[PDB]
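Enquirer: no sequence on this one, just coordinates:
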Ligand SMILES: Cc1cc2nc3c(=O)[nH]c(=O)nc-3n(C[C@H](O)[C@H](O)[C@H](O)COP(=O)(O)O)c2cc1C
Ligand code: SF4
């Protein structure tokens, strides 16, 4: 919630990277369920979260 | 009257006085070191005066390209059409050899915060977005501690410094991409997409992050500004030569007795830097093989060129290289230069975002070719092909990563073709 | 305009009796005058520039021996090309072929803006690139 309010209304897809990083810092890595959870929380398409997961090398998809 | 040897900067005229973190980096220490001094007056002088002093200083981009800062920041002087305006400080620091931004964000973070305030006021921006690389977790946390103190002291936020200006500073960590140092790729990484750069004819000053007018600036460019506005602008211009003005942070790494980060007056001879600050190359200056002057994108120069070169944009452009980020990576004569340049090309292959055909396919192609060049498994008629392929990537990509991959190859082919052909002939002799 | 013994003639040119075409393949045929559509598989527009005259397709059956496609239509493959619609209709009229001609369909001009992909408050903003 604190992360989401850092960006203007109508542009909260700008929080995919830090929310995914929080998912990784809690779980340890990113199972596909975490990607789907982030997509649900930000109402972005899951494929958009998949792209960010597979593009940035700091995301542990294993 | 005029200077002819631009070196031996004193401690008094050094901007980043807490460069080694030997003094307090928090607000109390930063204030005693001159920070956040009369910032209300600097803001009240107005954006026009701040931009005028940034132009007077002749300051250029400290994150590579080196575009003049005052002119770039003035693209935001236009009136508002309803959309917000943002300052986006670039703290990605992905360039190999470069670790200068890392040193400000953790040992002088209040410099960065107050530079954000002064610049954003100059561009008339409501908030600053500092995009730091995700690998700098401790530096990002130090920066956010500094931001918290600036907020609690009333220097940022509502009625910032007593000027009536409302300014916010948000830190947004990266997630492991070097392409996210590129300004528009950084913008789109802030917006929660893949870090792919945008086509430029829509400029960030019109359509930037969230589609709003933005200026993307390097950490050092932003951080020097409060000292630029508070010290005179003419004072900054009295350092270095014309055009390329001021002082710069230098990262000396590689085959050096004392690899270090130092602040030296601009237009300093590379020799003076390497010997006085870095302690010289191991084995002495006779043992010098190349030196890469401005980070991995800038092509190497040989010892002959590096013998009497000056460290500024124009002097290094004369030497068929660039100043880049002022990250000098020196190599002694015990170095496989083909292996080093192949390693750099491999880095660029690993960092290509894959969006556009020339970078995506050609940098991979050049990595494949350069890997062979280390073994000698090639014919000498492939060197000219490598040159032509690099020129096919250069000037044909969306962003400058293709250019910064093609340039190390060209700088290797330009000064070390005999070594490449010697390796190829040795391989031909071993494998009949 | 020249000494050729200019003789008055009607402006309904009819060369059907001189073409040698059998009478069945004049009155009963129906030609189509059109600019061919762009093949949607490619984005090249170089085949949509000239006017075409094609005859109506007749029966093709299967050859009992080999299973080939047989025909009794001499005009199954006849395709004429023209620079303008007017030339095609004049050629069809003097040859006595009933025709239907359709207007050339060209792409309408479109407003392309790369900067729209990053709109601050419009739906034209893209979620991926
Ligand atoms: C591949 C690539 C990586 C870059 N990385 C950085 C970086 O880490 N830090 C930076 O300040 N500029 C970086 N830049 C340069 C920026 O795109 C931009 O030109 C600069 O930040 C503008 O601010 P300045 O004029 O103050 O340098 C990079 C450029 C490219 C093409
Ligand atoms: S040059 Fe490389 S990194 Fe830059 S946009 Fe093209 S493919 Fe991506």
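Expert: Structure's in. What do you need? Numbers count the residues shown, from 1 in each chain, chains lettered A, B, ... in the order given. Ligands and ions are numbered 1, 2, ... in the order given.
Enquirer: residues contacting the helix or strand hosting residue B:364, please?
Expert: Following DSSP states H and E, one finds residue B:364 within helix B:364-375. Outside helix B:364-375, the residues that touch it by CB atoms under 8 Å, 6 or more residues apart in numbering or on different chains are B:336, B:338-339, B:341-342, B:345-346, B:348-349, B:352, B:378, B:382, B:385-386, B:389-390, B:393, B:405-406, B:409, B:420, B:423-424, B:427. Every residue, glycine included, has its C-beta placed from N, CA and C.
Enquirer: please state the offset of it from the chain centre?
Expert: Between the centre of helix B:364-375 and the centre of its chain there are 27 Å (CA atoms, centre = their mean, to the nearest Å).
Enquirer: what about the residue of chain C found nearest ligand 2, how many neighbours?
Expert: Residue of chain C nearest ligand 2, by CB to the nearest ligand atom: residue C:129 (9.8 Å). Residues lying near residue C:129 (other CB atoms under 10 Å in any protein chain shown) number 15.
Enquirer: need the contact list for the closest residue to it other than its chain neighbours.
Expert: The shortest distance from residue C:129 to any non-neighbouring residue, by CB to CB, 6 or more residues apart in numbering or on different chains, is to residue B:196 (5.3 Å). Counting by CB under 8 Å, 6+ apart, residue B:196 makes contact with B:179, B:185, B:188, B:353, B:355, C:129.
Enquirer: where's stretch B:25-38 relative to the chain centroid, distance-wise?
Expert: For stretch B:25-38, the distance to the chain centre is 25 Å (CA atoms, centre = their mean).
Enquirer: what about that stretch, how long is it end to end?
Expert: 19 Å (CA to CA, to the nearest Å).
Enquirer: residues contacting whichever residue of chain C sits closest to chain A?
Expert: The nearest approach of chain C to chain A comes at residue C:127, 5.3 Å away (CB to the nearest CB). Going by CB under 8 Å, 6+ apart, residue C:127 touches A:13, A:44, A:45, A:48, B:193.
Enquirer: the second one and residue A:50, how far apart?
Expert: Per CB to CB, to the nearest Å, residue A:44 is found 10 Å from residue A:50.
Enquirer: with neighbour numbers in mind, choose between those two.
Expert: More crowded of residue A:44 and residue A:50, by other CB under 10 Å: residue A:44, with 19 against 15.
Enquirer: can you give me phi and psi for the closest residue in space to the more buried one that isn't next to it in sequence?
Expert: Among residues not flanking residue A:44 along the chain, residue A:13 sits closest, at 5.0 Å (CB to CB, 6+ apart). Per-residue torsions, residue A:13: phi -70, psi -10 (degrees, to the nearest 10).
Enquirer: is residue C:80 in contact with residue C:52, as I believe?
Expert: Yes: using CB atoms under 8 Å, residue C:80 makes contact with residue C:52 at a distance of 7.2 Å.
Enquirer: identify the contacts common to the two.
Expert: Residues within reach of residue C:80 and of residue C:52 at once, by CB under 8 Å, 6+ apart, are residue C:88.
Enquirer: got the residues of the stretch 101-250 of chain B near chain A?
Expert: Contact residues, the stretch 101-250 of chain B versus chain A (CB under 8 Å from any CB of the partner chain): B:134-135, B:170, B:172-177, B:189-195, B:210.
Enquirer: which among those residues count as buried?
Expert: B:134-135, B:170, B:172-177, B:189-195, B:210 (16 or more other CB atoms under 10 Å in any protein chain shown).
Enquirer: distance from stretch B:67-76 to the middle of the chain?
Expert: Distance, centroid of stretch B:67-76 to centroid of chain: 17 Å (CA atoms, centre = their mean).
Enquirer: do the same with stretch B:63-83
Expert: On CA atoms, centre = their mean, the centre of stretch B:63-83 falls 18 Å from that of its chain.
Enquirer: can you check stretch B:243-258 too?
Expert: Centroid separation for stretch B:243-258 versus its chain: 11 Å, with CA atoms, centre = their mean.
Enquirer: do the same with stretch B:305-316
Expert: Here stretch B:305-316 shows a centroid-to-chain-centroid distance of 17 Å under the convention CA atoms, centre = their mean.
Enquirer: how long is it end to end?
Expert: Its first and final residues considered, stretch B:305-316 spans 10 Å by CA to CA.
Enquirer: ok so, going back, using JSON lines, lay out the contacts of residue C:127 together with distance to residue C:57 and secondary structure.
Expert: Shown next, in JSON lines, are the contacts of residue C:127 (distance: CB to CB, whole Å; DSSP: H, G, I helix; E, B strand; the rest coil):
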{"residue": "A:13", "distance to residue C:57": "53", "secondary structure": "helix"}
{"residue": "A:44", "distance to residue C:57": "51", "secondary structure": "coil"}
{"residue": "A:45", "distance to residue C:57": "46", "secondary structure": "coil"}
{"residue": "A:48", "distance to residue C:57": "49", "secondary structure": "helix"}
{"residue": "B:193", "distance to residue C:57": "51", "secondary structure": "coil"}
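Enquirer: out of those, the closest to residue C:63 would be?
Expert: Nearest to residue C:63 out of those is residue A:45 (CB to CB; 54.3 Å).
Enquirer: what distance do you get for the closest one to ligand 2?
Expert: From residue A:45 across to ligand 2, the span is 22 Å (CB to the nearest ligand atom, to the nearest Å).
Enquirer: phi, psi of that residue?
Expert: Residue A:45 adopts backbone torsions of phi -60, psi 140, taken as degrees, to the nearest 10.
Enquirer: pretty sure it contacts residue A:35?
Expert: No: Residue A:45 is not in contact with residue A:35 according to CB under 8 Å; the separation is 11.0 Å.
Enquirer: buried residues in stretch B:73-91, which are they?
Expert: Neighbour-count burial for stretch B:73-91, counted by 16+ other CB under 10 Å, picks out B:73, B:74, B:76, B:83, B:84, B:85, B:86, B:87, B:88, B:89, B:90, B:91.
Enquirer: skipping adjacent residues, who's closest to the fourth one in space?
Expert: If you skip the residues right next to it in sequence, residue B:83 has residue B:212 as its closest partner in space, 4.6 Å away by CB to CB, 6+ apart.
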